[PDB]
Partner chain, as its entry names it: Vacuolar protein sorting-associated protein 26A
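Read the single chain below, which is given as structure tokens and is the form deposited without the partner chain.
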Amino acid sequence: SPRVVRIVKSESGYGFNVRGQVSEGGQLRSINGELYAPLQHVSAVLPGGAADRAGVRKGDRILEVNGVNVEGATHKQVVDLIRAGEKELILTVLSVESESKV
């Protein structure tokens, strides 16, 4: 289920890489057993960076950026939204990797 994560920008920026469609129009995909228009995803998280500390996970699919639903958005639209926040970022993500404390 979609989860919300806050990241405060450090010196290394937010500390993650985003990957996804350069253009609009990709076909619908099945993510966590449900259909979405194409999502950008977290392709890497800088170990020790802000996103890692905040609990962003490699493979997280990005559903919202600072309250804006970015389902089927272009890569540039999403990265521009992230970069428009100069200190904080709120993501809603569909994680392909779960986490539990034991």
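Only the largest set of C-alpha atoms that superpose within 1.5 Å between the two forms is called the rigid core. Residues that one form lacks are left out of the comparison. Residue numbers count along the first chain shown, from 1.
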Given the B-factors recorded for C-alpha atoms, which segment has the greater mean, 32-40 or 57-65?
-> 32-40
Higher average CA B factor in the deposited record is what I'm after, so tell me if that's 66-74 or 23-31.
-> 23-31
Just grab whichever of 18, 84, 93, 89 has the top CA B-factor as deposited.
-> 84
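One more form of this protein, deposited with the partner chain bound, exists but is not displayed; see below.
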Give a yes or no for residue 88: in the deposited bound form, does one of its heavy atoms lie within 4.5 Å of a heavy atom belonging to the partner chain?
-> no
Should residue 77 be counted as a contact of the partner chain in the deposited bound form, where contact means heavy atoms within 4.5 Å?
-> no
Is residue 33 close enough to the partner chain in the deposited bound form to count, meaning some heavy atom within 4.5 Å?
-> yes
With a 4.5 Å heavy atom cut-off, would you call residue 68 a contact of the partner chain in the deposited bound form?
-> no
Give, in sequence order, every residue of 20-56 that has a heavy atom within 4.5 Å of the partner chain in the deposited bound form, or say none if there are no such residues.
-> 24, 25, 26, 27, 28, 29, 30, 32, 33, 35, 37
Any idea which of 43, 69, 77, 32 has its C-alpha shifted 2 Å or more between the shown form and the other one with the rigid core fixed?
-> 32
In the deposited bound form, whether the C-alpha atoms of residue 59 and residue 32 sit closer or farther than here (change of 3 Å or more) | farther
Sequence-ordered runs, three or more residues, C-alpha shift 2 Å or more between the shown form and the other one, rigid core | 25-35
